[PDB]
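Enquirer: So I've got this file, coords.txt, and it contains compact mmCIF, C-alpha atoms and all ligand atoms:
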```txt
# COMPACT_ATOMS: atom_id res chain seq x y z
CA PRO A 101 -73.26 -1.16 31.12
CA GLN A 102 -72.49 -3.30 28.11
CA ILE A 103 -69.28 -5.25 28.87
CA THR A 104 -67.20 -6.75 26.11
CA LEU A 105 -64.95 -9.67 26.83
CA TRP A 106 -61.51 -8.89 25.40
CA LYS A 107 -60.41 -8.38 29.01
CA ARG A 108 -61.57 -10.07 32.17
CA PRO A 109 -64.93 -8.57 33.34
CA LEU A 110 -63.62 -7.27 36.62
CA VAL A 111 -65.68 -4.91 38.74
CA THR A 112 -65.53 -3.33 42.16
CA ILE A 113 -67.84 -4.81 44.80
CA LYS A 114 -68.65 -3.72 48.34
CA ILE A 115 -69.16 -6.52 50.86
CA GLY A 116 -69.17 -6.13 54.64
CA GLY A 117 -68.62 -2.42 53.85
CA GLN A 118 -65.24 -3.23 52.25
CA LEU A 119 -64.30 -2.68 48.58
CA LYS A 120 -62.96 -5.65 46.65
CA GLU A 121 -62.34 -6.62 43.02
CA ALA A 122 -64.43 -9.46 41.62
CA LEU A 123 -64.97 -11.29 38.34
CA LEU A 124 -68.44 -11.42 36.74
CA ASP A 125 -68.71 -15.16 36.11
CA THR A 126 -71.64 -16.55 34.11
CA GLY A 127 -70.20 -20.07 34.46
CA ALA A 128 -70.61 -19.90 38.24
CA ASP A 129 -73.92 -20.87 39.82
CA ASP A 130 -72.75 -19.34 43.10
CA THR A 131 -70.75 -16.36 44.36
CA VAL A 132 -67.43 -17.23 45.99
CA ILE A 133 -65.25 -14.66 47.78
CA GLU A 134 -61.79 -15.03 49.34
CA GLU A 135 -61.40 -15.44 53.08
CA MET A 136 -62.35 -12.27 54.94
CA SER A 137 -64.04 -11.18 58.13
CA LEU A 138 -67.74 -10.79 57.38
CA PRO A 139 -70.58 -9.84 59.70
CA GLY A 140 -73.40 -12.41 59.60
CA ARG A 141 -74.09 -15.99 60.68
CA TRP A 142 -72.67 -18.73 58.51
CA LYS A 143 -72.95 -22.44 57.96
CA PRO A 144 -70.26 -24.84 56.79
CA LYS A 145 -70.62 -25.97 53.16
CA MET A 146 -68.67 -27.47 50.30
CA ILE A 147 -68.49 -26.25 46.73
CA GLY A 148 -66.91 -27.87 43.70
CA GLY A 149 -65.23 -26.29 40.69
CA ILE A 150 -63.00 -27.40 37.86
CA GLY A 151 -60.37 -28.96 40.11
CA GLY A 152 -62.41 -30.51 42.95
CA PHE A 153 -64.11 -29.41 46.15
CA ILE A 154 -63.31 -26.86 48.82
CA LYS A 155 -64.78 -26.00 52.20
CA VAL A 156 -66.54 -22.64 52.46
CA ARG A 157 -68.53 -20.57 54.94
CA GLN A 158 -72.01 -20.00 53.55
CA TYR A 159 -73.48 -16.61 54.46
CA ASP A 160 -77.07 -16.02 53.47
CA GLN A 161 -78.81 -12.75 52.77
CA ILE A 162 -75.64 -10.67 52.56
CA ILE A 163 -75.82 -7.12 51.17
CA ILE A 164 -73.39 -6.74 48.28
CA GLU A 165 -73.02 -3.92 45.79
CA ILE A 166 -71.72 -4.92 42.35
CA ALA A 167 -70.43 -2.15 40.07
CA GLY A 168 -72.91 0.11 41.80
CA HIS A 169 -75.90 -2.25 41.65
CA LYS A 170 -77.45 -3.73 44.78
CA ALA A 171 -77.88 -7.39 45.51
CA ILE A 172 -78.72 -9.29 48.69
CA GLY A 173 -78.04 -13.01 48.68
CA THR A 174 -75.80 -15.90 49.40
CA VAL A 175 -72.03 -15.54 49.48
CA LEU A 176 -69.63 -18.46 49.93
CA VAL A 177 -66.36 -17.42 51.61
CA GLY A 178 -63.30 -19.62 51.33
CA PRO A 179 -59.99 -20.33 49.60
CA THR A 180 -61.00 -19.54 46.02
CA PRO A 181 -58.44 -18.63 43.37
CA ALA A 182 -60.57 -15.60 42.45
CA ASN A 183 -63.46 -13.54 43.80
CA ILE A 184 -66.34 -14.53 41.47
CA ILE A 185 -69.85 -13.18 41.18
CA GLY A 186 -72.08 -16.03 40.08
CA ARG A 187 -75.58 -16.25 38.66
CA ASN A 188 -77.30 -16.08 42.08
CA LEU A 189 -76.30 -12.39 42.19
CA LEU A 190 -75.94 -11.64 38.43
CA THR A 191 -79.68 -12.32 38.10
CA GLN A 192 -80.37 -9.77 40.89
CA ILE A 193 -78.59 -6.97 39.04
CA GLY A 194 -80.43 -7.85 35.79
CA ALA A 195 -77.47 -9.25 33.85
CA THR A 196 -77.90 -11.10 30.58
CA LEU A 197 -75.57 -12.43 27.92
CA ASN A 198 -76.11 -11.03 24.45
CA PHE A 199 -74.67 -11.91 21.01
CA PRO B 1 -79.88 -13.71 21.01
CA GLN B 2 -80.25 -12.90 24.66
CA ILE B 3 -79.24 -15.72 27.00
CA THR B 4 -80.86 -15.70 30.43
CA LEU B 5 -78.94 -16.32 33.73
CA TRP B 6 -81.87 -17.82 35.67
CA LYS B 7 -80.45 -21.13 34.41
CA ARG B 8 -76.97 -22.15 33.27
CA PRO B 9 -76.15 -20.43 29.97
CA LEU B 10 -75.85 -23.64 27.98
CA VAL B 11 -75.79 -23.65 24.20
CA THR B 12 -75.11 -26.26 21.56
CA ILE B 13 -71.62 -26.35 20.09
CA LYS B 14 -70.07 -28.35 17.28
CA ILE B 15 -66.45 -29.41 17.67
CA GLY B 16 -64.53 -32.30 16.09
CA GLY B 17 -67.67 -33.27 14.22
CA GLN B 18 -69.68 -33.75 17.45
CA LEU B 19 -72.51 -31.75 19.03
CA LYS B 20 -72.10 -30.93 22.73
CA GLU B 21 -73.73 -28.61 25.26
CA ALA B 22 -71.42 -25.97 26.75
CA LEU B 23 -71.50 -23.00 29.10
CA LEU B 24 -71.01 -19.45 27.83
CA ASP B 25 -68.58 -18.51 30.58
CA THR B 26 -67.40 -14.93 31.12
CA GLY B 27 -65.28 -16.11 34.04
CA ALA B 28 -63.14 -18.37 31.84
CA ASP B 29 -60.09 -17.02 29.99
CA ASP B 30 -59.85 -20.20 27.95
CA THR B 31 -62.20 -22.77 26.43
CA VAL B 32 -62.23 -26.18 28.09
CA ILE B 33 -63.91 -29.23 26.61
CA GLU B 34 -64.56 -32.63 28.14
CA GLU B 35 -62.25 -35.44 27.13
CA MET B 36 -62.59 -36.22 23.42
CA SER B 37 -60.20 -37.63 20.80
CA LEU B 38 -59.35 -34.60 18.68
CA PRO B 39 -56.80 -35.21 15.94
CA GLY B 40 -53.43 -33.61 15.63
CA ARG B 41 -50.70 -32.13 17.72
CA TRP B 42 -51.24 -30.59 21.14
CA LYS B 43 -49.22 -29.10 24.01
CA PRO B 44 -49.59 -30.01 27.71
CA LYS B 45 -51.13 -27.37 29.97
CA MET B 46 -52.41 -27.08 33.55
CA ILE B 47 -55.37 -24.81 34.42
CA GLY B 48 -56.61 -23.93 37.86
CA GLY B 49 -59.91 -23.11 39.48
CA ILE B 50 -61.86 -23.91 42.62
CA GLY B 51 -60.40 -27.10 43.98
CA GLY B 52 -57.04 -26.84 42.25
CA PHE B 53 -55.57 -27.68 38.87
CA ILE B 54 -56.33 -30.16 36.10
CA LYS B 55 -54.12 -31.40 33.27
CA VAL B 56 -55.36 -30.60 29.78
CA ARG B 57 -54.23 -30.85 26.17
CA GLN B 58 -53.96 -27.57 24.32
CA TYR B 59 -55.09 -27.68 20.66
CA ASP B 60 -54.70 -24.61 18.51
CA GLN B 61 -56.76 -23.42 15.53
CA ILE B 62 -59.72 -25.68 16.31
CA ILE B 63 -62.91 -24.97 14.39
CA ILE B 64 -65.91 -24.68 16.69
CA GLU B 65 -69.48 -23.55 16.04
CA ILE B 66 -71.23 -21.93 19.03
CA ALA B 67 -75.05 -21.60 18.82
CA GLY B 68 -74.71 -21.29 15.07
CA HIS B 69 -71.82 -18.82 15.13
CA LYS B 70 -68.47 -19.92 13.69
CA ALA B 71 -65.29 -19.55 15.71
CA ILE B 72 -61.73 -20.81 15.47
CA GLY B 73 -59.14 -20.86 18.23
CA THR B 74 -57.48 -22.62 21.08
CA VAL B 75 -59.34 -25.38 22.89
CA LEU B 76 -58.18 -27.21 26.02
CA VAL B 77 -59.29 -30.84 26.35
CA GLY B 78 -59.29 -32.90 29.50
CA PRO B 79 -61.19 -34.14 32.58
CA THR B 80 -63.28 -31.04 33.12
CA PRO B 81 -66.71 -31.54 34.74
CA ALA B 82 -68.18 -28.98 32.33
CA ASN B 83 -67.77 -27.85 28.75
CA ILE B 84 -66.75 -24.18 29.06
CA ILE B 85 -66.68 -21.59 26.29
CA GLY B 86 -64.26 -18.96 27.46
CA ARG B 87 -63.50 -15.42 26.43
CA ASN B 88 -61.09 -16.42 23.66
CA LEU B 89 -64.15 -17.64 21.70
CA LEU B 90 -66.88 -15.46 23.25
CA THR B 91 -65.23 -12.42 21.73
CA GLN B 92 -65.32 -14.05 18.29
CA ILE B 93 -69.08 -14.47 18.40
CA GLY B 94 -69.65 -10.96 19.63
CA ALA B 95 -70.86 -11.78 23.12
CA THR B 96 -71.34 -9.16 25.82
CA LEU B 97 -72.54 -9.11 29.38
CA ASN B 98 -75.22 -6.48 29.89
CA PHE B 99 -76.90 -4.95 32.95
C1 LIG C 1 -63.25 -19.97 39.02
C2 LIG C 1 -63.07 -19.11 37.76
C3 LIG C 1 -62.12 -17.94 38.03
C4 LIG C 1 -62.53 -19.96 36.61
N1 LIG C 1 -63.39 -21.05 36.17
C5 LIG C 1 -64.56 -20.68 35.41
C6 LIG C 1 -65.84 -20.73 36.26
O1 LIG C 1 -66.90 -20.07 35.52
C7 LIG C 1 -66.29 -22.12 36.64
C8 LIG C 1 -66.79 -22.98 35.50
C9 LIG C 1 -67.23 -24.36 35.96
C10 LIG C 1 -68.57 -24.74 35.87
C11 LIG C 1 -68.94 -25.98 36.37
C12 LIG C 1 -68.03 -26.86 36.88
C13 LIG C 1 -66.70 -26.48 37.00
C14 LIG C 1 -66.30 -25.22 36.52
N2 LIG C 1 -67.32 -22.03 37.64
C15 LIG C 1 -67.15 -22.34 38.94
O2 LIG C 1 -66.12 -22.73 39.47
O3 LIG C 1 -68.30 -22.12 39.61
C16 LIG C 1 -68.37 -22.63 40.96
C17 LIG C 1 -69.17 -21.64 41.78
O4 LIG C 1 -70.53 -21.90 41.41
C18 LIG C 1 -70.66 -23.28 41.16
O5 LIG C 1 -71.29 -23.46 39.90
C19 LIG C 1 -70.44 -24.07 38.96
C20 LIG C 1 -69.28 -24.69 39.77
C21 LIG C 1 -69.27 -23.87 41.04
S1 LIG C 1 -62.64 -22.46 35.77
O6 LIG C 1 -63.65 -23.37 35.27
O7 LIG C 1 -61.85 -22.82 36.93
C22 LIG C 1 -61.50 -22.16 34.46
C23 LIG C 1 -61.97 -22.09 33.17
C24 LIG C 1 -61.17 -21.80 32.08
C25 LIG C 1 -59.89 -21.42 32.39
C26 LIG C 1 -59.40 -21.46 33.70
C27 LIG C 1 -60.20 -21.82 34.77
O8 LIG C 1 -58.08 -21.12 33.69
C28 LIG C 1 -57.79 -20.78 32.40
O9 LIG C 1 -58.89 -20.97 31.59
```
Can the structure in the file be given as structure tokens, please?
Expert:
Amino acid sequence: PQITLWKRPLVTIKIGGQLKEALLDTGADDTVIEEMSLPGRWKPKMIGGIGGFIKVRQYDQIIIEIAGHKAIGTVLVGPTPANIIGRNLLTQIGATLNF
Amino acid sequence: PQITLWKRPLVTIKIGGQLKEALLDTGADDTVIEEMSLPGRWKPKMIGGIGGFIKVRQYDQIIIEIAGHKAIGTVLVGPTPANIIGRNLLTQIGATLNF
């Protein structure tokens, strides 16, 4: 779709077979999801945002459906204030900004 | 224009008589600009993201040009690691996310 921005661009995602709400976030390089049980191997990583750095579990090559569109890529799982879909997966679903 | 997400969606902005580069950020409710000496009154605010909260100064009715498009609204100034154009101004320039 075409999504205007008067409200937060929230969508439903499916990750690990579970439905979740997430924010489409063009200011995020990476996708960061709240703590959850997730099938796949992971490696310890750090990621930094506006307020500093947090520890995350990095899961590569994870199947994730975003508003009905398929992506397979890296998901960082950790104590984020919000589930955010970043450019690593927005590019997979063909998203662009337009004005 | 159409702004790709293969790279960070950076555009040139003009604020306080200065040109800066800033992210077009659908994940940001508010606009956050790196520390600069804007004139006039302001109100203290705290905003939160990955890593926690930062202290910012809230300035209202600030004139800001975004990739050639005029906007006017609230801008938060403080020790952000990125200049962030949030939805309060993205809506004013007619930006959408499309996929
Ligand atoms: C986390 C989301 C819900 C909010 N953030 C906007 C993001 O787009 C942010 C914007 C951002 C960009 C760069 C540096 C810091 C923040 N990106 C970010 O944290 O991305 C992280 C994941 O991928 C990595 O790439 C960039 C940092 C990492 S934010 O910067 O914390 C923020 C912006 C304006 C706000 C706000 C919070 O509260 C109210 O108004």
Enquirer: May I ask for the distance between atom CA of residue 173 of chain A and atom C18 of ligand LIG 1 (chain C), given in Å to one decimal place?
Expert: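 Computing the Euclidean distance for atom CA of residue 173 of chain A and atom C18 of ligand LIG 1 (chain C) yields 14.7 Å.
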Enquirer: Can you provide chain B as an mmCIF file with C-alpha atoms, in the frame of the given file, superposed onto chain A by least squares across all C-alpha atoms matched in order?
Expert:
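Below is the file part-v2.cif, written as the result:
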```
data_model
loop_
_atom_site.group_PDB
_atom_site.id
_atom_site.type_symbol
_atom_site.label_atom_id
_atom_site.label_comp_id
_atom_site.auth_asym_id
_atom_site.auth_seq_id
_atom_site.Cartn_x
_atom_site.Cartn_y
_atom_site.Cartn_z
ATOM 1 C CA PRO B 1 -73.216 -1.027 30.769
ATOM 2 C CA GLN B 2 -71.683 -3.427 28.319
ATOM 3 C CA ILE B 3 -68.787 -5.455 29.716
ATOM 4 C CA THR B 4 -66.271 -6.733 27.181
ATOM 5 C CA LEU B 5 -64.846 -10.328 27.175
ATOM 6 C CA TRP B 6 -61.473 -9.463 25.601
ATOM 7 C CA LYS B 7 -60.334 -9.190 29.233
ATOM 8 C CA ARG B 8 -61.667 -10.712 32.451
ATOM 9 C CA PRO B 9 -65.047 -9.166 33.293
ATOM 10 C CA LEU B 10 -63.904 -7.606 36.551
ATOM 11 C CA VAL B 11 -65.961 -4.989 38.343
ATOM 12 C CA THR B 12 -65.766 -3.308 41.717
ATOM 13 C CA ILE B 13 -67.959 -4.712 44.467
ATOM 14 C CA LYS B 14 -68.667 -3.593 48.009
ATOM 15 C CA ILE B 15 -69.204 -6.284 50.625
ATOM 16 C CA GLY B 16 -68.755 -6.185 54.410
ATOM 17 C CA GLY B 17 -67.736 -2.555 54.123
ATOM 18 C CA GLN B 18 -64.799 -3.361 51.793
ATOM 19 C CA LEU B 19 -64.217 -2.718 48.085
ATOM 20 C CA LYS B 20 -62.992 -5.702 46.054
ATOM 21 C CA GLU B 21 -62.635 -6.606 42.380
ATOM 22 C CA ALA B 22 -64.729 -9.580 41.240
ATOM 23 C CA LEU B 23 -65.595 -11.519 38.104
ATOM 24 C CA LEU B 24 -69.076 -11.381 36.582
ATOM 25 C CA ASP B 25 -69.300 -15.128 36.073
ATOM 26 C CA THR B 26 -72.117 -16.750 34.089
ATOM 27 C CA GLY B 27 -70.572 -20.154 34.751
ATOM 28 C CA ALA B 28 -71.009 -19.847 38.525
ATOM 29 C CA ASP B 29 -74.273 -20.842 40.228
ATOM 30 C CA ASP B 30 -73.154 -19.208 43.454
ATOM 31 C CA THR B 31 -71.111 -16.193 44.538
ATOM 32 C CA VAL B 32 -67.715 -16.945 46.050
ATOM 33 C CA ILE B 33 -65.581 -14.373 47.824
ATOM 34 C CA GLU B 34 -62.002 -14.599 49.032
ATOM 35 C CA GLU B 35 -61.467 -15.185 52.723
ATOM 36 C CA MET B 36 -62.756 -12.247 54.772
ATOM 37 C CA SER B 37 -64.144 -11.918 58.312
ATOM 38 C CA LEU B 38 -67.856 -11.375 57.741
ATOM 39 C CA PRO B 39 -69.961 -11.166 60.889
ATOM 40 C CA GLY B 40 -72.711 -13.498 61.894
ATOM 41 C CA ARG B 41 -73.811 -17.054 61.499
ATOM 42 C CA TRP B 42 -72.864 -19.258 58.566
ATOM 43 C CA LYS B 43 -73.252 -22.866 57.395
ATOM 44 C CA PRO B 44 -70.437 -25.102 56.081
ATOM 45 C CA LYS B 45 -70.497 -25.917 52.368
ATOM 46 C CA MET B 46 -68.240 -27.569 49.778
ATOM 47 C CA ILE B 47 -68.183 -26.367 46.141
ATOM 48 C CA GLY B 48 -66.449 -28.018 43.241
ATOM 49 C CA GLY B 49 -64.787 -26.937 40.039
ATOM 50 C CA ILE B 50 -61.690 -27.684 38.001
ATOM 51 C CA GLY B 51 -59.242 -29.295 40.360
ATOM 52 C CA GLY B 52 -61.777 -30.466 42.920
ATOM 53 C CA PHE B 53 -63.605 -29.024 45.899
ATOM 54 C CA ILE B 54 -62.970 -26.256 48.416
ATOM 55 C CA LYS B 55 -64.520 -25.673 51.835
ATOM 56 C CA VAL B 56 -66.465 -22.442 52.199
ATOM 57 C CA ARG B 57 -68.704 -20.667 54.690
ATOM 58 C CA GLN B 58 -72.209 -19.935 53.492
ATOM 59 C CA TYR B 59 -73.628 -16.556 54.612
ATOM 60 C CA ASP B 60 -77.192 -15.673 53.764
ATOM 61 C CA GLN B 61 -78.802 -12.270 53.157
ATOM 62 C CA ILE B 62 -75.488 -10.481 52.615
ATOM 63 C CA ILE B 63 -75.701 -6.975 51.190
ATOM 64 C CA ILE B 64 -73.412 -6.521 48.203
ATOM 65 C CA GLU B 65 -73.086 -3.690 45.688
ATOM 66 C CA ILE B 66 -71.920 -4.752 42.204
ATOM 67 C CA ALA B 67 -70.669 -1.962 39.880
ATOM 68 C CA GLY B 68 -73.061 0.400 41.605
ATOM 69 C CA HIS B 69 -76.045 -1.956 41.575
ATOM 70 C CA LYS B 70 -77.427 -3.166 44.912
ATOM 71 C CA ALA B 71 -77.944 -6.860 45.557
ATOM 72 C CA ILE B 72 -78.650 -9.043 48.566
ATOM 73 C CA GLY B 73 -78.213 -12.795 48.811
ATOM 74 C CA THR B 74 -76.090 -15.760 49.632
ATOM 75 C CA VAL B 75 -72.318 -15.409 49.583
ATOM 76 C CA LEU B 76 -69.782 -18.212 50.034
ATOM 77 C CA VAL B 77 -66.488 -17.245 51.688
ATOM 78 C CA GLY B 78 -63.286 -19.221 51.617
ATOM 79 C CA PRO B 79 -59.922 -19.911 49.932
ATOM 80 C CA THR B 80 -61.014 -19.183 46.390
ATOM 81 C CA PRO B 81 -58.334 -17.858 44.002
ATOM 82 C CA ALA B 82 -60.884 -15.428 42.548
ATOM 83 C CA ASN B 83 -63.812 -13.329 43.681
ATOM 84 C CA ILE B 84 -66.752 -14.687 41.651
ATOM 85 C CA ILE B 85 -70.165 -13.088 41.229
ATOM 86 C CA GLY B 86 -72.470 -15.913 40.308
ATOM 87 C CA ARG B 87 -75.928 -16.132 38.837
ATOM 88 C CA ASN B 88 -77.705 -15.759 42.181
ATOM 89 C CA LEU B 89 -76.586 -12.093 42.150
ATOM 90 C CA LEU B 90 -76.194 -11.520 38.392
ATOM 91 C CA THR B 91 -79.925 -11.960 37.997
ATOM 92 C CA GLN B 92 -80.553 -9.290 40.638
ATOM 93 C CA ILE B 93 -78.607 -6.680 38.706
ATOM 94 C CA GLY B 94 -80.266 -7.551 35.443
ATOM 95 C CA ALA B 95 -77.277 -9.062 33.682
ATOM 96 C CA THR B 96 -77.530 -10.927 30.389
ATOM 97 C CA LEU B 97 -75.143 -12.594 28.015
ATOM 98 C CA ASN B 98 -75.660 -11.376 24.464
ATOM 99 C CA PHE B 99 -74.420 -12.526 21.049
#
```
Enquirer: Could you check how far atom CA of residue 153 of chain A sits from atom CA of residue 37 of chain B, in Å to one decimal?
Expert: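 Computed distance, atom CA of residue 153 of chain A to atom CA of residue 37 of chain B, equals 26.9 Å.
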Enquirer: Distance table requested - chain B against chain A, cut-off 10 Å, all atoms listed in the file: one row per qualifying residue with the closest atom pair and its distance in Å to one decimal, ordered by chain and rising residue number, as a tab-separated table.
Expert:
```
residue	atom	partner	partner_atom	distance
B:1	CA	A:199	CA	5.5
B:2	CA	A:198	CA	4.5
B:3	CA	A:197	CA	5.0
B:4	CA	A:196	CA	5.5
B:5	CA	A:187	CA	6.0
B:6	CA	A:191	CA	6.4
B:7	CA	A:187	CA	8.1
B:8	CA	A:127	CA	7.2
B:9	CA	A:126	CA	7.2
B:10	CA	A:127	CA	9.3
B:22	CA	A:127	CA	9.8
B:23	CA	A:127	CA	6.2
B:24	CA	A:127	CA	6.7
B:25	CA	A:127	CA	4.5
B:26	CA	A:125	CA	5.2
B:27	CA	A:125	CA	4.1
B:28	CA	A:125	CA	7.7
B:29	CA	A:108	CA	7.4
B:32	CA	A:150	CA	9.9
B:47	CA	A:151	CA	8.6
B:48	CA	A:151	CA	6.7
B:49	CA	A:150	CA	5.5
B:50	CA	A:149	CA	4.6
B:51	CA	A:152	CA	4.1
B:52	CA	A:151	CA	4.5
B:53	CA	A:151	CA	5.1
B:54	CA	A:151	CA	5.8
B:55	CA	A:151	CA	9.6
B:67	CA	A:199	CA	9.9
B:69	CA	A:199	CA	9.5
B:79	CA	A:150	CA	8.8
B:80	CA	A:150	CA	6.0
B:81	CA	A:150	CA	6.4
B:82	CA	A:150	CA	7.7
B:83	CA	A:127	CA	10.0
B:84	CA	A:127	CA	7.6
B:85	CA	A:127	CA	9.0
B:86	CA	A:127	CA	9.2
B:87	CA	A:105	CA	5.9
B:88	CA	A:106	CA	7.7
B:89	CA	A:105	CA	9.5
B:90	CA	A:105	CA	7.1
B:91	CA	A:105	CA	5.8
B:92	CA	A:106	CA	9.6
B:93	CA	A:199	CA	6.7
B:94	CA	A:199	CA	5.3
B:95	CA	A:199	CA	4.4
B:96	CA	A:104	CA	4.8
B:97	CA	A:197	CA	4.7
B:98	CA	A:102	CA	4.6
B:99	CA	A:195	CA	4.4
```
Enquirer: Within 12 Å of residue 14 of chain B, counting all atoms listed in the file, which residues qualify if same-chain residues fewer than 6 places away don't, as a JSON list (two decimals) with C-alpha atoms, in the frame of the given file?
Expert:
```json
[["chain", "number", "residue", "atom", "x", "y", "z"],
["B", 20, "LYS", "CA", -72.10, -30.93, 22.73],
["B", 21, "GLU", "CA", -73.73, -28.61, 25.26],
["B", 22, "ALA", "CA", -71.42, -25.97, 26.75],
["B", 33, "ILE", "CA", -63.91, -29.23, 26.61],
["B", 62, "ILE", "CA", -59.72, -25.68, 16.31],
["B", 63, "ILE", "CA", -62.91, -24.97, 14.39],
["B", 64, "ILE", "CA", -65.91, -24.68, 16.69],
["B", 65, "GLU", "CA", -69.48, -23.55, 16.04],
["B", 66, "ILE", "CA", -71.23, -21.93, 19.03],
["B", 67, "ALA", "CA", -75.05, -21.60, 18.82],
["B", 68, "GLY", "CA", -74.71, -21.29, 15.07],
["B", 69, "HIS", "CA", -71.82, -18.82, 15.13],
["B", 70, "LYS", "CA", -68.47, -19.92, 13.69],
["B", 71, "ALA", "CA", -65.29, -19.55, 15.71],
["B", 72, "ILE", "CA", -61.73, -20.81, 15.47],
["B", 83, "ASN", "CA", -67.77, -27.85, 28.75],
["B", 85, "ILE", "CA", -66.68, -21.59, 26.29]]
```
Enquirer: For atom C15 of ligand LIG 1 (chain C) and atom CA of residue 131 of chain A, quote the distance in Å rounded to one decimal.
Expert: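 Result for atom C15 of ligand LIG 1 (chain C) versus atom CA of residue 131 of chain A: 8.8 Å, one decimal.
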Enquirer: Determine the axis-aligned bounding box of all atoms of ligand LIG 1 (chain C) present in the file, pad each side by 4 Å, and express its centre and edge lengths in Å to one decimal place as lines of an AutoDock Vina configuration file.
Expert:
```
center_x = -64.5
center_y = -22.4
center_z = 36.7
size_x = 21.5
size_y = 16.9
size_z = 18.2
```
Enquirer: Here is a test: counting only C-alpha atoms and all ligand atoms, which residue of A:130, A:161, A:111, A:140 is nearest to ligand LIG 1 (chain C)?
Expert: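 Among A:130, A:161, A:111, A:140, it is A:130 that comes nearest to ligand LIG 1 (chain C).
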Enquirer: Looking at all atoms listed in the file, which of B:18, B:12, B:34, B:41 is the one that sits closest to ligand LIG 1 (chain C)?
Expert: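 Closest candidate: B:34.
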Enquirer: Between B:35, B:43, B:77, B:17, which one has atoms that come closest to ligand LIG 1 (chain C), using all atoms listed in the file?
Expert: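 Of B:35, B:43, B:77, B:17, the one nearest ligand LIG 1 (chain C), counting all atoms listed in the file, is B:77.
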Enquirer: Given the choices B:46, B:56, B:19, B:13, which gets closest to residue 75 of chain B if the distance is worked out from all atoms listed in the file?
Expert: B:56
Enquirer: Select, from B:60, B:15, B:45, B:39, the residue with the minimum atom-to-atom distance to ligand LIG 1 (chain C), counting all atoms listed in the file.
Expert: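 Smallest distance to ligand LIG 1 (chain C) is found for B:45.
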Enquirer: Would you list the contacts of residue 42 of chain B as a list in words, taking every protein, DNA or RNA residue within 8 Å and counting all atoms listed in the file, but skipping same-chain residues closer than 4 positions in sequence?
Expert: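 Here the answer would be residues 57, 58, 59 and 60 of chain B.
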Enquirer: Can you write segment 169-181 of chain A from the block above with N, CA and C atoms, as a PDB file, in the first residue's frame?
Expert:
```pdb
ATOM      1  N   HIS A 169       3.858  -9.300   3.213  1.00  0.00           N
ATOM      2  CA  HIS A 169       4.999  -9.414   2.322  1.00  0.00           C
ATOM      3  C   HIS A 169       6.147 -10.196   2.947  1.00  0.00           C
ATOM      4  N   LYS A 170       6.794 -11.064   2.194  1.00  0.00           N
ATOM      5  CA  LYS A 170       7.812 -11.923   2.748  1.00  0.00           C
ATOM      6  C   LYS A 170       9.191 -11.287   2.697  1.00  0.00           C
ATOM      7  N   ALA A 171       9.914 -11.490   3.798  1.00  0.00           N
ATOM      8  CA  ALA A 171      11.303 -11.142   3.909  1.00  0.00           C
ATOM      9  C   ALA A 171      12.011 -12.280   4.631  1.00  0.00           C
ATOM     10  N   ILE A 172      13.333 -12.372   4.388  1.00  0.00           N
ATOM     11  CA  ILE A 172      14.157 -13.344   5.103  1.00  0.00           C
ATOM     12  C   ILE A 172      15.446 -12.636   5.395  1.00  0.00           C
ATOM     13  N   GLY A 173      15.778 -12.332   6.636  1.00  0.00           N
ATOM     14  CA  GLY A 173      16.986 -11.619   6.935  1.00  0.00           C
ATOM     15  C   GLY A 173      17.227 -11.513   8.421  1.00  0.00           C
ATOM     16  N   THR A 174      18.065 -10.549   8.792  1.00  0.00           N
ATOM     17  CA  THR A 174      18.585 -10.491  10.110  1.00  0.00           C
ATOM     18  C   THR A 174      17.604  -9.783  11.038  1.00  0.00           C
ATOM     19  N   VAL A 175      17.393 -10.382  12.200  1.00  0.00           N
ATOM     20  CA  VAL A 175      16.561  -9.788  13.238  1.00  0.00           C
ATOM     21  C   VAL A 175      17.357  -9.751  14.504  1.00  0.00           C
ATOM     22  N   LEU A 176      17.371  -8.573  15.159  1.00  0.00           N
ATOM     23  CA  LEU A 176      18.037  -8.380  16.446  1.00  0.00           C
ATOM     24  C   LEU A 176      16.959  -8.454  17.505  1.00  0.00           C
ATOM     25  N   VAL A 177      17.137  -9.280  18.522  1.00  0.00           N
ATOM     26  CA  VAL A 177      16.114  -9.485  19.551  1.00  0.00           C
ATOM     27  C   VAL A 177      16.635  -9.005  20.877  1.00  0.00           C
ATOM     28  N   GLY A 178      15.959  -8.096  21.558  1.00  0.00           N
ATOM     29  CA  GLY A 178      16.482  -7.573  22.793  1.00  0.00           C
ATOM     30  C   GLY A 178      15.547  -6.534  23.352  1.00  0.00           C
ATOM     31  N   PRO A 179      15.970  -5.878  24.424  1.00  0.00           N
ATOM     32  CA  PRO A 179      15.084  -4.941  25.161  1.00  0.00           C
ATOM     33  C   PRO A 179      14.944  -3.591  24.495  1.00  0.00           C
ATOM     34  N   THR A 180      14.260  -3.596  23.376  1.00  0.00           N
ATOM     35  CA  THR A 180      13.913  -2.390  22.602  1.00  0.00           C
ATOM     36  C   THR A 180      12.643  -1.763  23.108  1.00  0.00           C
ATOM     37  N   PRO A 181      12.524  -0.446  23.044  1.00  0.00           N
ATOM     38  CA  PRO A 181      11.240   0.184  23.427  1.00  0.00           C
ATOM     39  C   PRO A 181      10.108  -0.137  22.466  1.00  0.00           C
TER      40      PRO A 181
END
```
